[PDB]
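Below: the structure, in structure tokens.
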Protein chains: 4
Amino acid sequence: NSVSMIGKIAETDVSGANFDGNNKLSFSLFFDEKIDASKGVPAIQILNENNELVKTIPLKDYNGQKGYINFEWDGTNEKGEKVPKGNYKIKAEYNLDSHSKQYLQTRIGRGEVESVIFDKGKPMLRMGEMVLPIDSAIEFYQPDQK
Amino acid sequence: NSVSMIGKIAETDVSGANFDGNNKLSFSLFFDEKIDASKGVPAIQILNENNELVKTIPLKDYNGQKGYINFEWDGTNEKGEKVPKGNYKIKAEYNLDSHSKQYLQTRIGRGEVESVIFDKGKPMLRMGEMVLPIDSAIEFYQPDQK
Amino acid sequence: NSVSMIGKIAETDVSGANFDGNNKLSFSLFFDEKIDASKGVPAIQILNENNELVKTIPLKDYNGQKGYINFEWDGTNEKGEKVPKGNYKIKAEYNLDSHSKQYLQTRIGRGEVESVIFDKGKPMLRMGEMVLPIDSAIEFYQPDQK
Amino acid sequence: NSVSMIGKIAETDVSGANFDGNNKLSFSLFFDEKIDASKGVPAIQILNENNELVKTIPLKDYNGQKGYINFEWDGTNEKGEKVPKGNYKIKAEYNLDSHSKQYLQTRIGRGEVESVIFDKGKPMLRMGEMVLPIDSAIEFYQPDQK
């Protein structure tokens with residue numbers, strides 16, 4: 001019933017994407033700030049269901065971009081071997097801070113709510129390319145802060 | 001219960017207006033941007049229930065206007081013959097973009113929500129001259145984007 | 001459950017105040033624009049249950065003020081006779097427009113929603129000095145427009 | 001269901017914190033305006049369940065700060081004696097006004113709503129370090145006013 005979520009940042013309980021075993025995986029990450037590639041070494045990490053690192057994708061080339069960015073993963077590990085099918089957790093680190101010596105973080109399944117869609121007549125959140133049910137949302141806050 | 005829709009753009013499942021067979025049809029279209037008549041050839045299209053083009057109304061003369069604009073249709077096709085009574089879908093194209101070579105679009109049954117009215121005590125959306133039930137709404141987003 | 005009404009203008013179905021027969025009546029009116037007393041002759045009208053004019057209070061002296069303003073009525077008609085007890089409708093006209101030759105209007109029971117109060121645990125709207133139940137609200141819109 | 005509370009000031013029915021009898025008490029207060037220590041003498045008051053003053057903490061040193069500030073209380077009264085365990089009400093006064101000759105006030109259990117958290121799937125308000133249920137909220141309004 002409420003569309004007050006629109007324009008908020010939503011954190012959802014969807015943190016992984018499915019790799020079928022052969023086909024590429026398109027996925028989207030939301031960056032709250034423009035990526036600055038001089039601030040540490042920004043990168044995406046792809047982890048398996050046991051939180052073991054399977055793949056790292058450098059974010060260097062995305063210097064200057066913010067908001068939702070679309071990526072692809074060929075489903076290979078760091079050697080180039082295609083990994084077992086299943087759910088992979090995708091996260092990212094970017095913009096290392098001088099003082100805290102820590103990176104900003106993001107991950108699949110969070111970002112600005114761009115629209116609310118009513119699906120007969122169930123509410124869905126549009127977040128970049130993802131469309132997610134309301135009850136998957138665990139937290140909301142305003143952009144730029146918190 | 002919620003009035004968070006106010007100020008949002010709403011897309012509703014109302015896409016047509018009724019022509020009775022003789023009387024003029026007043027209708028309203030929402031333009032997200034000022035119409036610029038130097039950008040392609042802007043026009044309203046009126047289609048019948050089989051999505052067959054019945055009438056075209058040039059938007060040339062509305063250069064400079066934005067928001068809700070009221071129009072009238074005499075119920076004639078392009079020859080001047082009065083068409084069969086029934087539901088007609090009304091859409092529009094305007095502001096052809098140089099790069100994409102595509103026009104912006106709009107249609108009956110979408111636009112800024114100007115107020116929420118409680119009808120004993122059922123919520124209605126006021127959208128220009130139209131007043132529509134909440135459950136007719138299929139999507140909401142913020143103006144200027146998406 | 002929703003506090004999205006806060007900051008909206010609410011129209012409610014409360015349009016009158018009770019006069020007991022002897023005691024003064026405090027009441028509040030919301031002015032959407034600063035009163036300009038050079039623009040026609042601004043005034044409050046007090047009507048009885050049959051919409052018969054009982055009292056007129058000039059708004060001249062409130063030149064420059066906007067928002068919620070508090071007034072008092074001694075319960076007398078234009079002669080100075082105390083009127084029958086009961087419900088009196090209170091309205092106002094101000095800022096005559098040159099073009100339309102019409103005044104802006106306001107009345108008891110509409111205005112900006114300044115806060116939402118939960119009354120164990122029923123939602124109330126705070127509107128100036130008035131505190132009104134949610135279900136008394138018949139319409140909401142954003143200030144400055146509509 | 002609604003996240004319209006985010007960015008509002010909430011007043012809740014939580015006005016006290018628990019002192020166990022030995023361990024320090026961390027607590028947070030929300031200041032709507034920057035503290036100005038030249039404006040009267042700003043201070044926190046800690047009261048017991050009978051509204052008897054147990055401790056005063058000077059706010060002098062927090063000159064210039066606003067929003068949520070974290071404090072600690074060792075659980076001693078003004079002599080330095082550890083007080084009985086139980087619930088203590090914590091309030092504050094700051095920024096004495098020249099005209100009204102009154103201080104602004106604040107207290108535990110009110111402040112800006114920084115996020116809404118869904119706790120399986122019960123809504124919680126994040127207010128500084130405190131996380132409180134929706135039904136503890138008795139009033140909402142916009143920051144800077146009311």
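In the structure tokens, chains take the letters A, B, ... in the order shown, each chain's residues start at 1, and ligands count up from 1 in the order shown.
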Legend entry - Shell of 10 Å around residue 53 of chain C, only C-alpha atoms, local chain residues under 5 positions omitted, as an MDAnalysis selection string: chainID C and resid 45:48 77:78 88:90
Inset, instruction - Hey, list the chain C side of the contact with chain B: 8 Å cut-off, only C-alpha atoms, answer as number ranges by chain. - result: C: 1-5, 135, 137-142, 146
Contact residues around residue 44 of chain D with only C-alpha atoms at 7 Å, ignoring same-chain residues under 4 positions, as a PDB file with N, CA, C and O atoms, in the first residue's frame:
```pdb
ATOM      1  N   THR D  56      23.364  15.376  37.968  1.00  0.00           N
ATOM      2  CA  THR D  56      23.397  16.412  36.953  1.00  0.00           C
ATOM      3  C   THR D  56      24.729  16.317  36.252  1.00  0.00           C
ATOM      4  O   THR D  56      25.777  16.238  36.898  1.00  0.00           O
ATOM      5  N   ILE D  57      24.680  16.288  34.927  1.00  0.00           N
ATOM      6  CA  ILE D  57      25.872  16.278  34.107  1.00  0.00           C
ATOM      7  C   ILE D  57      25.898  17.532  33.241  1.00  0.00           C
ATOM      8  O   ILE D  57      25.005  17.725  32.412  1.00  0.00           O
ATOM      9  N   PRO D  58      26.915  18.394  33.433  1.00  0.00           N
ATOM     10  CA  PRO D  58      27.034  19.640  32.658  1.00  0.00           C
ATOM     11  C   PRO D  58      27.294  19.404  31.166  1.00  0.00           C
ATOM     12  O   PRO D  58      28.107  18.553  30.806  1.00  0.00           O
ATOM     13  N   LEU D  59      26.620  20.165  30.312  1.00  0.00           N
ATOM     14  CA  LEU D  59      26.772  20.013  28.865  1.00  0.00           C
ATOM     15  C   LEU D  59      27.727  21.037  28.248  1.00  0.00           C
ATOM     16  O   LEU D  59      28.025  20.979  27.046  1.00  0.00           O
ATOM     17  N   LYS D  91      16.905  13.469  31.023  1.00  0.00           N
ATOM     18  CA  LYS D  91      16.468  14.644  30.266  1.00  0.00           C
ATOM     19  C   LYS D  91      17.629  15.616  30.151  1.00  0.00           C
ATOM     20  O   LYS D  91      18.663  15.437  30.797  1.00  0.00           O
ATOM     21  N   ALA D  92      17.449  16.661  29.351  1.00  0.00           N
ATOM     22  CA  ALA D  92      18.471  17.685  29.220  1.00  0.00           C
ATOM     23  C   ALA D  92      17.843  19.036  28.904  1.00  0.00           C
ATOM     24  O   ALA D  92      16.749  19.120  28.351  1.00  0.00           O
ATOM     25  N   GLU D  93      18.563  20.088  29.256  1.00  0.00           N
ATOM     26  CA  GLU D  93      18.168  21.446  28.934  1.00  0.00           C
ATOM     27  C   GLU D  93      19.360  22.124  28.312  1.00  0.00           C
ATOM     28  O   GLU D  93      20.479  21.925  28.774  1.00  0.00           O
TER      29      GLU D  93
END
```
Inset, instruction - Check segment 17-106 of chain A with DSSP on the backbone and list each residue it calls strand (DSSP E), as a VMD selection string. - result: chain A and resid 17 to 19 25 to 31 43 to 47 53 to 58 67 to 73 86 to 94 104 to 106
Please write the residues from the selection above to a file, keeping N, CA and C atoms, as a compact mmCIF listing (two decimals), in the first residue's frame.
```txt
# COMPACT_ATOMS: atom_id res chain seq x y z
N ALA A 17 23.57 -14.50 -6.26
CA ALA A 17 22.98 -14.76 -7.56
C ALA A 17 23.22 -16.21 -7.97
N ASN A 18 22.38 -16.74 -8.85
CA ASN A 18 22.54 -18.13 -9.26
C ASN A 18 23.38 -18.31 -10.52
N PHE A 19 24.41 -19.15 -10.42
CA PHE A 19 25.17 -19.56 -11.59
C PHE A 19 24.75 -20.97 -11.99
N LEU A 25 26.72 -14.73 -16.09
CA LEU A 25 25.82 -14.16 -15.11
C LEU A 25 25.86 -12.65 -15.18
N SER A 26 24.75 -12.04 -15.55
CA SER A 26 24.61 -10.60 -15.46
C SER A 26 24.20 -10.28 -14.04
N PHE A 27 24.77 -9.22 -13.47
CA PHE A 27 24.37 -8.76 -12.14
C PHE A 27 24.66 -7.27 -11.99
N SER A 28 24.03 -6.67 -10.99
CA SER A 28 24.12 -5.24 -10.77
C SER A 28 24.54 -4.91 -9.32
N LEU A 29 25.38 -3.89 -9.18
CA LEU A 29 25.83 -3.40 -7.88
C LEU A 29 25.55 -1.91 -7.76
N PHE A 30 25.14 -1.48 -6.57
CA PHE A 30 24.85 -0.08 -6.37
C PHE A 30 25.99 0.62 -5.63
N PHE A 31 26.54 1.67 -6.24
CA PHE A 31 27.60 2.45 -5.60
C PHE A 31 27.06 3.80 -5.11
N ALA A 43 37.43 -3.37 -5.98
CA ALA A 43 37.20 -4.63 -6.64
C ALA A 43 35.90 -5.27 -6.19
N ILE A 44 35.34 -6.10 -7.06
CA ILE A 44 34.25 -7.02 -6.73
C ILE A 44 34.78 -8.38 -6.25
N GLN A 45 34.21 -8.92 -5.18
CA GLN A 45 34.54 -10.28 -4.78
C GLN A 45 33.32 -11.20 -4.98
N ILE A 46 33.56 -12.38 -5.56
CA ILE A 46 32.53 -13.40 -5.70
C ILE A 46 32.85 -14.62 -4.84
N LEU A 47 31.95 -14.93 -3.91
CA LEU A 47 32.18 -15.99 -2.94
C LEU A 47 31.18 -17.12 -3.16
N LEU A 53 36.35 -17.38 -1.38
CA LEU A 53 36.56 -16.52 -2.53
C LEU A 53 36.78 -17.32 -3.81
N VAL A 54 35.95 -17.07 -4.80
CA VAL A 54 36.05 -17.78 -6.07
C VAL A 54 36.62 -16.90 -7.19
N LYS A 55 36.26 -15.62 -7.19
CA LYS A 55 36.64 -14.72 -8.27
C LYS A 55 36.78 -13.29 -7.76
N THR A 56 37.72 -12.55 -8.34
CA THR A 56 37.87 -11.13 -8.05
C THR A 56 37.85 -10.40 -9.37
N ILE A 57 37.02 -9.37 -9.44
CA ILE A 57 36.93 -8.51 -10.60
C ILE A 57 37.33 -7.09 -10.22
N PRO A 58 38.42 -6.57 -10.81
CA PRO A 58 38.90 -5.21 -10.50
C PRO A 58 37.93 -4.11 -10.95
N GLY A 67 26.00 4.91 -8.66
CA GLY A 67 24.67 4.35 -8.85
C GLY A 67 24.76 2.89 -9.22
N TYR A 68 23.76 2.40 -9.96
CA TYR A 68 23.74 1.01 -10.40
C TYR A 68 24.65 0.81 -11.60
N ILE A 69 25.55 -0.16 -11.50
CA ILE A 69 26.41 -0.52 -12.63
C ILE A 69 26.20 -2.01 -12.94
N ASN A 70 26.09 -2.35 -14.22
CA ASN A 70 25.89 -3.75 -14.60
C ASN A 70 27.20 -4.45 -14.94
N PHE A 71 27.33 -5.67 -14.44
CA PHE A 71 28.54 -6.44 -14.65
C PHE A 71 28.19 -7.81 -15.20
N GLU A 72 29.21 -8.52 -15.70
CA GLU A 72 29.03 -9.90 -16.11
C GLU A 72 30.14 -10.73 -15.52
N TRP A 73 29.81 -11.97 -15.19
CA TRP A 73 30.78 -12.94 -14.72
C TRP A 73 30.65 -14.21 -15.56
N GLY A 86 25.43 -23.09 -8.68
CA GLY A 86 24.88 -22.77 -7.38
C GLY A 86 24.77 -21.29 -7.12
N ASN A 87 24.52 -20.95 -5.86
CA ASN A 87 24.43 -19.56 -5.45
C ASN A 87 25.77 -18.96 -5.08
N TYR A 88 26.10 -17.85 -5.72
CA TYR A 88 27.31 -17.10 -5.40
C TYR A 88 27.01 -15.72 -4.82
N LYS A 89 27.60 -15.44 -3.67
CA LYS A 89 27.52 -14.11 -3.04
C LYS A 89 28.46 -13.13 -3.73
N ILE A 90 27.92 -11.98 -4.11
CA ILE A 90 28.71 -10.96 -4.78
C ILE A 90 28.73 -9.67 -3.95
N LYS A 91 29.95 -9.21 -3.64
CA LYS A 91 30.19 -8.01 -2.85
C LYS A 91 31.23 -7.15 -3.56
N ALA A 92 31.44 -5.94 -3.05
CA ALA A 92 32.46 -5.07 -3.62
C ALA A 92 33.03 -4.15 -2.55
N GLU A 93 34.25 -3.70 -2.78
CA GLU A 93 34.90 -2.73 -1.93
C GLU A 93 35.44 -1.63 -2.82
N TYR A 94 35.33 -0.39 -2.37
CA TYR A 94 35.80 0.73 -3.17
C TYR A 94 35.99 1.97 -2.30
N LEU A 104 34.62 1.65 1.55
CA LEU A 104 33.17 1.55 1.48
C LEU A 104 32.78 0.16 0.96
N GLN A 105 31.58 -0.29 1.30
CA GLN A 105 31.13 -1.59 0.81
C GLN A 105 29.81 -1.52 0.09
N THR A 106 29.61 -2.46 -0.81
CA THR A 106 28.29 -2.70 -1.37
C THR A 106 28.18 -4.17 -1.77
```
Inset, instruction - Compile the contact shell of residue 66 of chain B as a list in words: residues with an atom at most 7 Å away, counting only C-alpha atoms, same-chain residues fewer than 3 positions apart removed. - result: residues 31, 32, 33, 34 and 35 of chain B
Legend entry - Separation of atom CA of residue 11 of chain B from atom CA of residue 110 of chain B in Å: 4.5 Å
Inset, instruction - Within 9 Å of residue 103 of chain A, counting only C-alpha atoms, which residues show up once you throw out same-chain ones fewer than 3 positions away? Write them as a PyMOL selection string, please. - result: chain A and resi 39-40+42+93-97+100
Selected residues written out, N, CA, C and O atoms, as a PDB file, in the first residue's frame:
```pdb
ATOM      1  N   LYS A  39      41.811   5.606  -4.690  1.00  0.00           N
ATOM      2  CA  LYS A  39      41.570   5.377  -3.276  1.00  0.00           C
ATOM      3  C   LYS A  39      41.583   3.875  -2.993  1.00  0.00           C
ATOM      4  O   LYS A  39      40.550   3.209  -3.057  1.00  0.00           O
ATOM      5  N   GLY A  40      42.768   3.352  -2.689  1.00  0.00           N
ATOM      6  CA  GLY A  40      42.969   1.924  -2.549  1.00  0.00           C
ATOM      7  C   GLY A  40      42.814   1.207  -3.875  1.00  0.00           C
ATOM      8  O   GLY A  40      42.948   1.820  -4.932  1.00  0.00           O
ATOM      9  N   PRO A  42      39.910  -0.798  -5.745  1.00  0.00           N
ATOM     10  CA  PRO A  42      38.503  -1.216  -5.699  1.00  0.00           C
ATOM     11  C   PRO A  42      38.267  -2.491  -6.495  1.00  0.00           C
ATOM     12  O   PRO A  42      38.826  -2.670  -7.573  1.00  0.00           O
ATOM     13  N   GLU A  93      34.252  -3.700  -2.784  1.00  0.00           N
ATOM     14  CA  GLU A  93      34.904  -2.728  -1.927  1.00  0.00           C
ATOM     15  C   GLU A  93      35.437  -1.635  -2.815  1.00  0.00           C
ATOM     16  O   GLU A  93      35.958  -1.926  -3.887  1.00  0.00           O
ATOM     17  N   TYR A  94      35.325  -0.385  -2.371  1.00  0.00           N
ATOM     18  CA  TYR A  94      35.803   0.733  -3.175  1.00  0.00           C
ATOM     19  C   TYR A  94      35.988   1.970  -2.296  1.00  0.00           C
ATOM     20  O   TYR A  94      35.430   2.041  -1.193  1.00  0.00           O
ATOM     21  N   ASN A  95      36.813   2.902  -2.777  1.00  0.00           N
ATOM     22  CA  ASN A  95      37.080   4.175  -2.102  1.00  0.00           C
ATOM     23  C   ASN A  95      37.635   4.013  -0.702  1.00  0.00           C
ATOM     24  O   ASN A  95      36.975   4.336   0.268  1.00  0.00           O
ATOM     25  N   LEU A  96      38.854   3.500  -0.614  1.00  0.00           N
ATOM     26  CA  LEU A  96      39.550   3.343   0.657  1.00  0.00           C
ATOM     27  C   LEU A  96      39.678   4.693   1.346  1.00  0.00           C
ATOM     28  O   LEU A  96      40.081   5.677   0.720  1.00  0.00           O
ATOM     29  N   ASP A  97      39.310   4.754   2.619  1.00  0.00           N
ATOM     30  CA  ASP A  97      39.398   6.011   3.348  1.00  0.00           C
ATOM     31  C   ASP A  97      40.746   6.148   4.069  1.00  0.00           C
ATOM     32  O   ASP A  97      41.214   5.211   4.701  1.00  0.00           O
ATOM     33  N   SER A 100      40.190   5.996   8.437  1.00  0.00           N
ATOM     34  CA  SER A 100      39.752   4.706   8.969  1.00  0.00           C
ATOM     35  C   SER A 100      40.535   3.527   8.393  1.00  0.00           C
ATOM     36  O   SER A 100      40.501   2.420   8.936  1.00  0.00           O
TER      37      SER A 100
END
```
